[PDB]
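Structure record follows, encoded as structure tokens.
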Protein chains: 2
Amino acid sequence: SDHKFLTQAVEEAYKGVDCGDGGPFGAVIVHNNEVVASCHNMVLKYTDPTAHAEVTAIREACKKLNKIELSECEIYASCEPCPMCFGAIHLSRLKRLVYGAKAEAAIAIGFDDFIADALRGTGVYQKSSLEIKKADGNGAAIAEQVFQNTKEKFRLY
Amino acid sequence: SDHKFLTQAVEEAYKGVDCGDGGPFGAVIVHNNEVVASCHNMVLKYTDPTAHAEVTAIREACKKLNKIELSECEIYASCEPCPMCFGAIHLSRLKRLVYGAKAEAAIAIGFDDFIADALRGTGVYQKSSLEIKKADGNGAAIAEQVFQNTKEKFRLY
Ligand SMILES: Nc1nc2c(ccn2[C@@H]2O[C@H](CO)[C@@H](O)[C@H]2O)c(=O)[nH]1
Ligand SMILES: Nc1nc2c(ccn2[C@@H]2O[C@H](CO)[C@@H](O)[C@H]2O)c(=O)[nH]1
Ligand SMILES: [Zn+2]
Ligand SMILES: [Zn+2]
């Protein structure tokens, strides 16, 4: 299950950067093997710096399920969520997070050095008990390659 | 001028609580001395856990100014911005944050212990260069009083 939805998030990243909606980031929210939302970064399309892939997916999934908590759902992110997105995941009560590429893969092509302490367990005040899985193997390699692959199709923001 | 805009953010908090839009939190974004956005928590109204007051104000200000960066604006928050909102403030490039009440005042009436390390200066992977001002005196008194005045006037989230 993890490989399928992670690859869906990666394909979302490619599609979003290809049509100019935003950067090469995707996110898929799933409810017991049923996809609730499949989104990508929409910062450029929406003129909204908060419209990262994870935030957009949370908004769509909550609107669909008519509830402000997604405690029965899991989220798959093509790239390690930023501090804003990890905070949104925390507030959404999503029960599990799977992400493909480390934030350094995005930093390597010029993105901001902007990493969530609560995700990496380096905070004094912010903690997380959320189940976090960093993908390994084939899906992880594919997810990491997204940034070297799409460096040319968009411009940093 | 700081007291006027902080008090407007507090007024937004009270308004949002009174009409059931969300919790007792407000945010106002100003360009010099002109209000660009005046918002409160819309989590309940929008069925959107990301629709905190600060995120809402950032979205509305970015729409008003037709751009994804607010480097010439400042933000006033009735309460210390959470990790998600502080991440959004970082991404929006707002040049100054003034906040009224410490997060402990909100936690003391039922909200989660959910504090941004980067705001308090304890972040390792997230570092802010933003100018941050915690309100004192009358502004702090007003902002802290928000939570005693609105206790059990709203649904917790
Ligand atoms: N996962 C994820 N990351 C995203 C975005 C958008 C930008 N970024 C940047 O990526 C770097 C480290 O994550 C930071 O500079 C972030 O601002 C997204 O939509 N999803
Ligand atoms: N500033 C601000 N805070 C908000 C909200 C909504 C909830 N909260 C909670 O308040 C506590 C302290 O920040 C945290 O648990 C947050 O989740 C908001 O709209 N604006
Ligand atoms: Zn993000
Ligand atoms: Zn917040």
Side-chain angles (χ1 to χ4, degrees), chain A residues 23 25 27 41 43 49-55 57-58 70 74-135 140 143-144 147 157, chain B residues 25 49-50 52 54-55 58 75 77 79-94 96-97 99 101 103-104 106-107 111-134:
Chain A
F25 307 91
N41 183 296
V43 163
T50 75
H52 285 199
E54 303 93 288
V55 166
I58 288 165
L70 309 166
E74 308 182 6
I75 182 171
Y76 295 79
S78 61
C79 183
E80 182 187 337
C82 75
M84 174 190 72
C85 282
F86 195 80
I89 288 168
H90 172 103
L91 289 158
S92 85
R93 319 283 179 219
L94 282 155
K95 72 174 176 180
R96 189 167 170 256
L97 158 72
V98 182
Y99 68 93
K102 294 261 75 205
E104 284 86 356
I107 289 153
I109 71 158
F111 274 99
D112 201 357
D113 177 43
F114 184 53
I115 298 177
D117 288 281
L119 187 142
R120 310 206 161 186
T122 66
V124 166
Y125 290 99
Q126 194 186 350
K127 319 253 174 258
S128 95
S129 78
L130 161 78
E131 188 181 346
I132 301 153
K133 177 196 163 54
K134 150 75 172 130
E144 294 258 334
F147 296 97
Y157 53 86
Chain B
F25 306 94
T50 75
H52 283 194
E54 300 86 310
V55 161
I58 285 163
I75 182 159
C79 181
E80 180 183 333
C82 80
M84 174 191 71
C85 287
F86 197 70
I89 291 168
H90 170 92
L91 290 163
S92 62
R93 316 309 163 188
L94 286 152
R96 187 161 172 261
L97 156 72
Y99 70 93
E104 285 85 355
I107 306 144
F111 292 95
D112 293 338
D113 191 337
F114 186 44
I115 300 175
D117 285 278
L119 185 144
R120 308 213 163 178
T122 58
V124 174
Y125 274 107
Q126 187 192 347
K127 310 142 234 171
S128 97
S129 272
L130 172 67
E131 183 181 340
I132 298 166
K133 178 180 164 204
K134 174 174 170 195

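Only this structure's heavy atoms are used, side chains among them; waters, hydrogens and symmetry mates stay out. First the proteins, then the strands, lettered A, B, ... as listed; each starts at 1.
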Legend entry - Within-4.5 Å side-chain heavy-atom neighbours: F147(A) and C79(A): yes
Legend entry - Distance-only polar pair, side chains of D112(A) and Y157(A), donor-acceptor under 3.5 Å: no
Legend entry - Heavy-atom side-chain contact between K95(A) and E74(A) under 4.5 Å: yes
Legend entry - Side-chain heavy-atom pair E104(A), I115(A) within 4.5 angstrom cut-off: yes
Legend entry - Summary of salt bridge (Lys or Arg N to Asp or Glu O under 4.0 Å) pairs that have at least one residue in residues 80-89 of chain A, sequence neighbours excluded: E80(A)-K102(A), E80(A)-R120(A)
Legend entry - For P49(A) against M84(A), the heavy-atom pair lying closest together: O-CE, 4.2 Å
Inset, instruction - Describe, in one word, how the ring planes of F25(A) and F111(A) are oriented to each other, choosing from parallel (under 30°), tilted (30 to 60°) and perpendicular (over 60°). - result: perpendicular
Legend entry - Min side-chain heavy-atom separation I58(B)-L94(B) under 4.5 Å: yes
Inset, instruction - Considering non-hydrogen atoms only, spot the tightest contact between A118(B) and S128(B) and give its length. - result: O-OG, 3.9 Å
Legend entry - Test side chain to side chain contact (heavy atoms under 4.5 Å, CB included) applied to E131(B) and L97(B), step by step: CA-CA 6 Å; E131(B) 183 181 340; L97(B) 156 72; over 6 Å; no
Inset, instruction - State, to 0.1 Å, how close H52(A) and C85(A) come at their nearest heavy-atom pair, and which atoms those are. - result: CB-SG, 3.3 Å
Legend entry - Residues that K133(A) engages under side-chain contact (heavy atoms from CB on, under 4.5 Å), provided they are two or more places apart: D2(A), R96(A), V98(A), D136(A)
Legend entry - Carboxylate-amine/guanidinium contact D117(B) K127(B), below 4.0 Å: no
Legend entry - Distance-minimising heavy-atom pair for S78(A) and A143(A): O-CB, 3.8 Å
Inset, instruction - Would you mind listing every ring pair (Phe, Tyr, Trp, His ring centres under 6.0 Å) that reaches into residues 81-105 of chain A, with sequence neighbours excluded? - result: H90(A)-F114(B)
Inset, instruction - Taking all heavy atoms of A135(A) and all of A140(A), pick out the closest pair and write down the distance. - result: O-CB, 3.4 Å
Inset, instruction - Go through the steps for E54(A) and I75(A) under the test side chain to side chain contact (heavy atoms under 4.5 Å, CB included), then give the verdict. - result: CA-CA 8 Å; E54(A) 303 93 288; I75(A) 182 171; 4.0 Å; yes
Legend entry - Check: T50(A) and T50(B) side chains under 4.5 Å, non-hydrogen atoms: no
Inset, instruction - Kindly indicate whether the side chain of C82(B), heavy atoms from C-beta on, has any atom under 4.5 Å from the side chain of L91(A). - result: yes
